[PDB]
Structures are given as structure tokens and as C-alpha cells.
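Dropping target-v9.pdb in here (PDB, C-alpha atoms and all ligand atoms):
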ATOM      1  CA  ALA L   1       2.294  17.232   6.795
ATOM      2  CA  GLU L   2      -0.380  19.844   6.132
ATOM      3  CA  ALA L   3      -3.002  17.092   6.461
ATOM      4  CA  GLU L   4      -2.365  16.893  10.181
ATOM      5  CA  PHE L   5      -4.485  20.041  10.426
ATOM      6  CA  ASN L   6      -7.571  18.349   8.969
ATOM      7  CA  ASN L   7     -10.069  17.169  11.576
ATOM      8  CA  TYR L   8     -10.220  13.445  10.842
ATOM      9  CA  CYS L   9     -12.471  12.924  13.848
ATOM     10  CA  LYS L  10     -15.344  13.895  11.538
ATOM     11  CA  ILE L  11     -14.498  11.209   8.975
ATOM     12  CA  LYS L  12     -16.713   8.122   9.003
ATOM     13  CA  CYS L  13     -15.575   4.861   7.434
ATOM     14  CA  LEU L  14     -18.065   2.434   5.889
ATOM     15  CA  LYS L  15     -17.375  -0.255   8.505
ATOM     16  CA  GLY L  16     -16.994   2.280  11.302
ATOM     17  CA  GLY L  17     -14.052   2.709  13.649
ATOM     18  CA  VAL L  18     -12.251   5.839  14.838
ATOM     19  CA  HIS L  19     -10.085   7.368  12.107
ATOM     20  CA  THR L  20      -6.373   6.721  12.544
ATOM     21  CA  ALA L  21      -5.524  10.431  12.362
ATOM     22  CA  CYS L  22      -8.152  11.085  15.050
ATOM     23  CA  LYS L  23      -6.812   8.306  17.302
ATOM     24  CA  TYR L  24      -3.296   9.690  16.933
ATOM     25  CA  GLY L  25      -3.053  13.438  16.431
ATOM     26  CA  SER L  26       0.730  13.252  16.457
ATOM     27  CA  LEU L  27       3.268  12.638  13.719
ATOM     28  CA  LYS L  28       5.712  11.241  16.272
ATOM     29  CA  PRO L  29       6.429   7.492  16.455
ATOM     30  CA  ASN L  30       4.530   5.801  19.269
ATOM     31  CA  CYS L  31       6.130   2.370  19.414
ATOM     32  CA  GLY L  32       6.015   0.968  22.942
ATOM     33  CA  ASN L  33       9.417  -0.323  24.014
ATOM     34  CA  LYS L  34      10.549  -0.841  20.433
ATOM     35  CA  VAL L  35      13.606   1.172  19.449
ATOM     36  CA  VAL L  36      12.691   3.452  16.551
ATOM     37  CA  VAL L  37      15.688   3.877  14.250
ATOM     38  CA  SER L  38      14.061   6.303  11.844
ATOM     39  CA  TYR L  39      10.739   7.044  10.219
ATOM     40  CA  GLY L  40       9.445   8.687   7.077
ATOM     41  CA  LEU L  41      10.443   8.631   3.427
ATOM     42  CA  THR L  42      12.896  10.872   1.562
ATOM     43  CA  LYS L  43      11.802  12.784  -1.544
ATOM     44  CA  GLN L  44      13.718  10.252  -3.624
ATOM     45  CA  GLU L  45      12.239   7.224  -1.852
ATOM     46  CA  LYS L  46       8.710   8.501  -2.451
ATOM     47  CA  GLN L  47       9.541   9.001  -6.119
ATOM     48  CA  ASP L  48      11.088   5.538  -6.326
ATOM     49  CA  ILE L  49       8.001   3.967  -4.765
ATOM     50  CA  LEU L  50       5.707   5.833  -7.148
ATOM     51  CA  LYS L  51       7.798   4.845 -10.165
ATOM     52  CA  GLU L  52       7.794   1.190  -9.119
ATOM     53  CA  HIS L  53       3.999   1.231  -8.759
ATOM     54  CA  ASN L  54       3.654   2.865 -12.158
ATOM     55  CA  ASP L  55       6.244   0.737 -13.942
ATOM     56  CA  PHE L  56       4.352  -2.273 -12.651
ATOM     57  CA  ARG L  57       0.888  -1.024 -13.645
ATOM     58  CA  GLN L  58       2.200  -0.296 -17.137
ATOM     59  CA  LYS L  59       3.935  -3.670 -17.435
ATOM     60  CA  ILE L  60       0.602  -5.329 -16.657
ATOM     61  CA  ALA L  61      -1.383  -2.970 -18.885
ATOM     62  CA  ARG L  62       0.889  -3.636 -21.860
ATOM     63  CA  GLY L  63       0.360  -7.378 -21.499
ATOM     64  CA  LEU L  64       3.998  -7.839 -20.479
ATOM     65  CA  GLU L  65       3.430  -9.696 -17.193
ATOM     66  CA  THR L  66       3.891 -13.402 -17.992
ATOM     67  CA  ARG L  67       3.370 -14.582 -14.407
ATOM     68  CA  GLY L  68      -0.009 -15.833 -13.213
ATOM     69  CA  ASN L  69      -1.972 -18.967 -12.318
ATOM     70  CA  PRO L  70      -1.997 -19.314 -15.178
ATOM     71  CA  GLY L  71      -0.194 -16.383 -16.751
ATOM     72  CA  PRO L  72       0.071 -14.089 -18.573
ATOM     73  CA  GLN L  73      -2.001 -11.271 -17.107
ATOM     74  CA  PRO L  74      -4.183  -9.598 -19.781
ATOM     75  CA  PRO L  75      -3.407  -6.105 -21.084
ATOM     76  CA  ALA L  76      -5.509  -3.183 -19.857
ATOM     77  CA  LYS L  77      -7.465  -0.514 -21.701
ATOM     78  CA  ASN L  78      -7.797   1.970 -18.826
ATOM     79  CA  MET L  79      -4.580   1.814 -16.796
ATOM     80  CA  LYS L  80      -3.324   5.247 -15.755
ATOM     81  CA  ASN L  81      -0.239   6.035 -13.691
ATOM     82  CA  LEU L  82      -0.698   6.855 -10.043
ATOM     83  CA  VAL L  83       0.314  10.204  -8.573
ATOM     84  CA  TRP L  84       1.726  10.704  -5.103
ATOM     85  CA  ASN L  85      -0.751  12.049  -2.550
ATOM     86  CA  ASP L  86       0.524  13.804   0.562
ATOM     87  CA  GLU L  87      -2.621  13.242   2.628
ATOM     88  CA  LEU L  88      -2.577   9.496   1.929
ATOM     89  CA  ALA L  89       1.131   9.486   2.815
ATOM     90  CA  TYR L  90       0.430  11.331   6.068
ATOM     91  CA  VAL L  91      -2.312   8.940   7.203
ATOM     92  CA  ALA L  92      -0.177   5.990   6.110
ATOM     93  CA  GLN L  93       2.725   7.390   8.141
ATOM     94  CA  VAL L  94       0.631   7.956  11.262
ATOM     95  CA  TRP L  95      -0.353   4.295  11.030
ATOM     96  CA  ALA L  96       3.225   3.189  10.388
ATOM     97  CA  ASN L  97       4.276   5.132  13.486
ATOM     98  CA  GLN L  98       2.300   2.734  15.678
ATOM     99  CA  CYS L  99       4.515  -0.215  14.704
ATOM    100  CA  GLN L 100       1.478  -2.499  14.733
ATOM    101  CA  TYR L 101       1.728  -4.666  11.610
ATOM    102  CA  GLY L 102      -1.635  -5.047   9.914
ATOM    103  CA  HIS L 103      -4.444  -2.785   8.697
ATOM    104  CA  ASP L 104      -5.735   0.159  10.695
ATOM    105  CA  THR L 105      -9.562   0.154  11.105
ATOM    106  CA  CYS L 106     -10.483   3.527   9.482
ATOM    107  CA  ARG L 107      -8.197   5.444   7.105
ATOM    108  CA  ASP L 108     -10.614   7.025   4.617
ATOM    109  CA  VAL L 109     -10.140  10.671   3.651
ATOM    110  CA  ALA L 110     -12.625  13.429   2.815
ATOM    111  CA  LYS L 111     -12.452  12.665  -0.915
ATOM    112  CA  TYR L 112     -12.962   8.884  -0.979
ATOM    113  CA  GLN L 113     -12.583   5.492   0.695
ATOM    114  CA  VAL L 114      -8.948   4.429   0.950
ATOM    115  CA  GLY L 115      -7.226   1.096   0.353
ATOM    116  CA  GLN L 116      -3.960  -0.087   1.816
ATOM    117  CA  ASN L 117      -0.989  -2.406   1.410
ATOM    118  CA  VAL L 118       1.433  -3.159   4.220
ATOM    119  CA  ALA L 119       4.845  -4.823   4.087
ATOM    120  CA  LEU L 120       7.229  -5.876   6.836
ATOM    121  CA  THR L 121      10.533  -7.748   7.021
ATOM    122  CA  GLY L 122      12.706  -8.558  10.000
ATOM    123  CA  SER L 123      16.401  -9.411  10.054
ATOM    124  CA  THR L 124      18.875 -10.326  12.778
ATOM    125  CA  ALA L 125      21.351  -8.026  11.030
ATOM    126  CA  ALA L 126      21.311  -4.244  11.285
ATOM    127  CA  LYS L 127      20.100  -3.859   7.699
ATOM    128  CA  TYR L 128      16.779  -2.700   6.244
ATOM    129  CA  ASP L 129      15.354  -3.558   2.807
ATOM    130  CA  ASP L 130      14.802  -0.802   0.244
ATOM    131  CA  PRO L 131      11.189   0.406   0.084
ATOM    132  CA  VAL L 132      11.030  -0.669  -3.567
ATOM    133  CA  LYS L 133      12.025  -4.170  -2.487
ATOM    134  CA  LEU L 134       9.052  -4.350  -0.121
ATOM    135  CA  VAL L 135       6.781  -3.114  -2.905
ATOM    136  CA  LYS L 136       8.039  -5.870  -5.185
ATOM    137  CA  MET L 137       6.863  -8.359  -2.553
ATOM    138  CA  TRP L 138       3.311  -7.233  -3.295
ATOM    139  CA  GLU L 139       3.936  -7.454  -7.046
ATOM    140  CA  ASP L 140       5.158 -11.049  -6.871
ATOM    141  CA  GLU L 141       1.737 -12.132  -5.627
ATOM    142  CA  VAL L 142       0.780 -11.953  -9.303
ATOM    143  CA  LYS L 143       2.226 -15.464  -9.707
ATOM    144  CA  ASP L 144      -0.826 -16.686  -7.789
ATOM    145  CA  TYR L 145      -3.384 -14.557  -9.621
ATOM    146  CA  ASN L 146      -5.708 -16.304 -12.075
ATOM    147  CA  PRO L 147      -7.002 -13.779 -14.656
ATOM    148  CA  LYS L 148      -9.343 -16.387 -16.143
ATOM    149  CA  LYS L 149     -11.353 -15.637 -13.008
ATOM    150  CA  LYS L 150     -12.700 -12.273 -11.889
ATOM    151  CA  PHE L 151     -11.329 -10.459  -8.848
ATOM    152  CA  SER L 152     -13.735 -12.010  -6.327
ATOM    153  CA  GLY L 153     -12.925 -15.456  -7.702
ATOM    154  CA  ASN L 154      -9.271 -15.183  -6.706
ATOM    155  CA  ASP L 155      -7.506 -15.880  -3.412
ATOM    156  CA  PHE L 156      -7.424 -12.579  -1.545
ATOM    157  CA  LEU L 157      -4.948 -13.739   1.097
ATOM    158  CA  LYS L 158      -2.404 -14.492  -1.620
ATOM    159  CA  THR L 159      -3.130 -11.702  -4.100
ATOM    160  CA  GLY L 160      -4.770  -8.852  -2.176
ATOM    161  CA  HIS L 161      -1.685  -6.639  -2.399
ATOM    162  CA  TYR L 162      -1.208  -7.290  -6.112
ATOM    163  CA  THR L 163      -4.813  -6.465  -6.941
ATOM    164  CA  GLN L 164      -4.674  -3.114  -5.119
ATOM    165  CA  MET L 165      -1.495  -2.213  -7.028
ATOM    166  CA  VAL L 166      -3.115  -2.753 -10.435
ATOM    167  CA  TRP L 167      -6.608  -1.466  -9.575
ATOM    168  CA  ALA L 168      -7.486   0.758 -12.528
ATOM    169  CA  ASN L 169      -9.862   3.005 -10.537
ATOM    170  CA  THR L 170      -7.145   3.768  -7.971
ATOM    171  CA  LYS L 171      -5.424   7.022  -8.975
ATOM    172  CA  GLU L 172      -3.380   8.098  -5.987
ATOM    173  CA  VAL L 173      -0.923   6.553  -3.556
ATOM    174  CA  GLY L 174       0.865   7.801  -0.462
ATOM    175  CA  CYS L 175       3.056   5.777   1.870
ATOM    176  CA  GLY L 176       4.588   5.870   5.314
ATOM    177  CA  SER L 177       7.655   4.090   6.617
ATOM    178  CA  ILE L 178       9.466   3.231   9.822
ATOM    179  CA  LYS L 179      12.505   1.176  10.815
ATOM    180  CA  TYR L 180      12.629  -0.179  14.346
ATOM    181  CA  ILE L 181      14.281  -2.833  16.474
ATOM    182  CA  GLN L 182      12.054  -5.254  18.367
ATOM    183  CA  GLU L 183      13.488  -8.110  20.427
ATOM    184  CA  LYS L 184      16.689  -7.911  18.354
ATOM    185  CA  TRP L 185      14.866  -8.086  15.040
ATOM    186  CA  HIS L 186      15.704  -5.146  12.763
ATOM    187  CA  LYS L 187      12.427  -4.422  10.998
ATOM    188  CA  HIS L 188      11.331  -2.170   8.130
ATOM    189  CA  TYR L 189       7.610  -1.388   8.010
ATOM    190  CA  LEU L 190       6.048   0.108   4.864
ATOM    191  CA  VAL L 191       2.452   1.305   4.707
ATOM    192  CA  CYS L 192       0.892   2.491   1.439
ATOM    193  CA  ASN L 193      -2.608   3.974   1.239
ATOM    194  CA  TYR L 194      -4.480   4.086  -2.079
ATOM    195  CA  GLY L 195      -7.181   6.421  -3.352
ATOM    196  CA  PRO L 196      -9.819   5.758  -4.175
ATOM    197  CA  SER L 197      -9.700   2.285  -2.668
ATOM    198  CA  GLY L 198      -9.456  -0.885  -4.709
ATOM    199  CA  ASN L 199     -10.323  -4.500  -3.914
ATOM    200  CA  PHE L 200     -14.097  -4.113  -4.094
ATOM    201  CA  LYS L 201     -15.656  -7.599  -4.169
ATOM    202  CA  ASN L 202     -18.005  -7.243  -7.162
ATOM    203  CA  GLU L 203     -15.573  -5.351  -9.390
ATOM    204  CA  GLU L 204     -12.790  -6.181 -11.854
ATOM    205  CA  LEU L 205      -9.157  -5.109 -11.453
ATOM    206  CA  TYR L 206      -9.124  -3.258 -14.752
ATOM    207  CA  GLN L 207     -10.939  -3.195 -18.090
ATOM    208  CA  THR L 208      -9.180  -5.812 -20.205
ATOM    209  CA  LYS L 209      -8.118  -5.088 -23.772
TER
HETATM  210 NA    NA U   1       2.144 -19.984 -13.457
END
Give the structure from the file, written as C-alpha cells.
Amino acid sequence: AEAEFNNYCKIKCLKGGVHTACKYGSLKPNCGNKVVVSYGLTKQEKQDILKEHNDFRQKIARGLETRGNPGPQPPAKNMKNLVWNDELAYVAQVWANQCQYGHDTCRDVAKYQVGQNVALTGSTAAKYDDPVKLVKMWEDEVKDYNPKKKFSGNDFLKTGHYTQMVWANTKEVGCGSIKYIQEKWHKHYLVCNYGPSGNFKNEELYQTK
């Protein structure tokens, strides 16, 4: 939470926009009339999310992901595990606390531009998916990823989450979470910020082996 003391109002994102942590200088949920059940991630949840990201990156890197359009995904020569980043997690959490599904306009930090994956599920029952389950939703996009084509040649709407997960240049991840009730839908919102950002148009996901 130490990051809350950084002045994000001085951060400038490539496409402009007021930084999320400048817009909201509070770490307290700000969800209109929605009923916030809980917010944040436990030490174990953060570790589980990190492990899932890394187990996935390694699966891909070792040439073990058979899914694709067509599969399999090629092995990687430069795939390193991600490490959890508290600042990314903080900014992700501030965004999550707005309960506004989608991407926030400016989330970059002092060190680099930042990418982001969001996940949301709603149920009529008072139950909330495990964070890892939401992460796997992003992974499954790999079924629609065609490695015979470069990154820009693929369908971003269908694979944009997958590509950010396996972006070789991305080295850090930090996520935020919140469970709320909106018009009787029990929703779990997961926001994960990545540093440095991935999904750059003229680049490849990772160096193939
Ligand atoms: Na296939």
C-alpha cells in the first residue's frame, strides 16, 4: 500500500488521461449503489495468481501448449517467470475499487508503461469464482491464437488477454480484486496490471525456439 504515497498526478501516459491513482487517492471501494462484499487479495491468493501466470508461461515456453488455431504454440527461448509487484497491485486495486468493468485510461508507473487484463463473472448465486479460475479464462484464449502469424496478425479481441500473459518482455504483475452485488448479480472482478506492458503492435509475443 506504500505506493499510495507516490504522486501519480505527475505520471503521463502515452495516450494521455489522468492517472488512476491521481483520480482516486483512496484505497477504499467507491462503487455507487453496488454492495461491496469484500476487496483485495490474501497473501495466498496473490501467490496462487503469480504461480498460475508462471506455470502457464512455462507450459507455453516448453512447447507444451497444444491448443491454438492451429496449435501447438511454439516453445520460447526467453520466457522468464513473473514476480509480484506491489505498486502494480495497488494501481490495479484502485481501479478494481471503482467496479467499472473495462480498462482504466492511464495506469503507467514511474518505471514503465503498464499493460492490463481484466476478468469478471456474475452469478445469481452467492458464490464467487477463485481468482485462478478467472486467470484461466485469459489462458483459454490461446485456442484462438494462430502462431503461424505474428502478434499483430492475430485477433486482439479474442486473444488480447492471452498475449499479455505470455509476453516475454513483461516481467512483473500485480492484481486487484473486488466482489460486489449489483442488481442481484454476485460478481467477482479481477484486475491485473503488467510491467512493462505487452501487446505492442509491431512486436512478437516471445522469441521462438
Ligand atoms: Na485448434
Atomic distance atom CA of residue 196 of chain L - atom CA of residue 42 of chain L, expressed in Å with one decimal: 24.0 Å
All residues having an atom within 12 Å of ligand NA 1 (chain U) (only C-alpha atoms and all ligand atoms) as a list in words: residues 65, 66, 67, 68, 69, 70, 71, 72, 73, 140, 141, 142, 143, 144, 145, 146 and 147 of chain L
Selection result for the PyMOL selection byres (((chain L and resi 96) around 8) and not hetatm) on this file, as a ChimeraX atom specification: /L:92-95,97-100,176-178,189-191
The PyMOL selection byres (((chain L and resi 187) around 10) and not hetatm) resolved against shown file, as a VMD selection string: chain L and resid 36 to 37 99 120 to 129 178 to 182 184 to 186 188 to 190
Point-to-point distance from atom CA of residue 175 of chain L to atom CA of residue 83 of chain L, Å rounded to tenths: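 Answer for the atom CA of residue 175 of chain L to atom CA of residue 83 of chain L separation: 11.7 Å.
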Residue with smallest distance to residue 160 of chain L - pool L:3, L:76, L:31, L:118, counting all atoms listed in the file: L:118
Which residue of L:148, L:133, L:107, L:201 approaches residue 17 of chain L most closely, using all atoms listed in the file: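 Ranking L:148, L:133, L:107, L:201 by distance to residue 17 of chain L, first place goes to L:107.
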Gap from atom CA of residue 138 of chain L to atom CA of residue 112 of chain L - Å, one decimal: 23.0 Å
Skipping near chain neighbours, those fewer than 4 positions away, what residues fall within 6 Å of segment 51-63 of chain L using all atoms listed in the file, listed as a compact mmCIF listing (two decimals) with C-alpha atoms, in the frame of the given file?
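Heads up, here's the output in selection.txt:
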# COMPACT_ATOMS: atom_id res chain seq x y z
CA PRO L 74 -4.18 -9.60 -19.78
CA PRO L 75 -3.41 -6.10 -21.08
CA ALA L 76 -5.51 -3.18 -19.86
CA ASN L 81 -0.24 6.04 -13.69
CA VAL L 166 -3.12 -2.75 -10.44
Output of the PyMOL selection byres (((chain L and resi 86) around 12) and not hetatm), listed as a ChimeraX atom specification: /L:1-4,41,43,46,83-85,87-93,109,172-176,192-195
Proximity to residue 18 of chain L - best of L:114, L:35, L:135, L:106, all atoms listed in the file: L:106
Cut-off 12 Å around (-15.1, 13.7, 2.7) with all atoms listed in the file: residues as a ChimeraX atom specification: /L:6-13,107-114,196
What would segment 7-23 of chain L look like with N, CA, C and O atoms in place, written as a tab-separated table (two decimals), in the frame of the given file?
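Now in part29.tsv:
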chain	number	residue	atom	x	y	z
L	7	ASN	N	-9.45	17.84	10.44
L	7	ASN	CA	-10.07	17.17	11.58
L	7	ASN	C	-10.64	15.84	11.12
L	7	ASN	O	-11.78	15.76	10.66
L	8	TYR	N	-9.83	14.79	11.25
L	8	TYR	CA	-10.22	13.44	10.84
L	8	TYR	C	-11.25	12.81	11.76
L	8	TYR	O	-11.83	11.77	11.44
L	9	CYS	N	-11.49	13.44	12.90
L	9	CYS	CA	-12.47	12.92	13.85
L	9	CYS	C	-13.89	13.03	13.29
L	9	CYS	O	-14.82	12.46	13.86
L	10	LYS	N	-14.04	13.74	12.18
L	10	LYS	CA	-15.34	13.90	11.54
L	10	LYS	C	-15.51	12.91	10.38
L	10	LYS	O	-16.58	12.82	9.79
L	11	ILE	N	-14.45	12.18	10.06
L	11	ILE	CA	-14.50	11.21	8.98
L	11	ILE	C	-15.19	9.95	9.48
L	11	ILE	O	-14.98	9.53	10.62
L	12	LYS	N	-16.01	9.35	8.63
L	12	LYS	CA	-16.71	8.12	9.00
L	12	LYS	C	-16.46	7.05	7.95
L	12	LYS	O	-16.79	7.23	6.78
L	13	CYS	N	-15.85	5.94	8.37
L	13	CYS	CA	-15.58	4.86	7.43
L	13	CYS	C	-16.77	3.92	7.34
L	13	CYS	O	-17.48	3.70	8.31
L	14	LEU	N	-16.96	3.35	6.15
L	14	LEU	CA	-18.07	2.43	5.89
L	14	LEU	C	-18.29	1.41	7.00
L	14	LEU	O	-19.43	1.22	7.45
L	15	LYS	N	-17.23	0.74	7.45
L	15	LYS	CA	-17.38	-0.26	8.51
L	15	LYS	C	-17.14	0.32	9.90
L	15	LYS	O	-16.91	-0.43	10.85
L	16	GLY	N	-17.19	1.64	10.01
L	16	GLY	CA	-16.99	2.28	11.30
L	16	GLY	C	-15.56	2.31	11.79
L	16	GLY	O	-14.63	2.03	11.04
L	17	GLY	N	-15.38	2.64	13.07
L	17	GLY	CA	-14.05	2.71	13.65
L	17	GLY	C	-13.57	4.15	13.72
L	17	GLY	O	-13.93	4.97	12.87
L	18	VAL	N	-12.76	4.48	14.71
L	18	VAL	CA	-12.25	5.84	14.84
L	18	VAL	C	-11.09	6.04	13.87
L	18	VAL	O	-10.16	5.23	13.83
L	19	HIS	N	-11.14	7.10	13.08
L	19	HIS	CA	-10.09	7.37	12.11
L	19	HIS	C	-8.71	7.44	12.76
L	19	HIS	O	-8.53	8.05	13.81
L	20	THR	N	-7.75	6.80	12.09
L	20	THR	CA	-6.37	6.72	12.54
L	20	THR	C	-5.77	8.07	12.92
L	20	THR	O	-5.07	8.17	13.94
L	21	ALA	N	-6.03	9.09	12.11
L	21	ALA	CA	-5.52	10.43	12.36
L	21	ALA	C	-6.32	11.15	13.45
L	21	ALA	O	-5.99	12.28	13.81
L	22	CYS	N	-7.37	10.51	13.95
L	22	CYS	CA	-8.15	11.08	15.05
L	22	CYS	C	-7.64	10.39	16.32
L	22	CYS	O	-7.51	11.01	17.38
L	23	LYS	N	-7.34	9.10	16.19
L	23	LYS	CA	-6.81	8.31	17.30
L	23	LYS	C	-5.46	8.87	17.72
L	23	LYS	O	-5.16	9.02	18.90
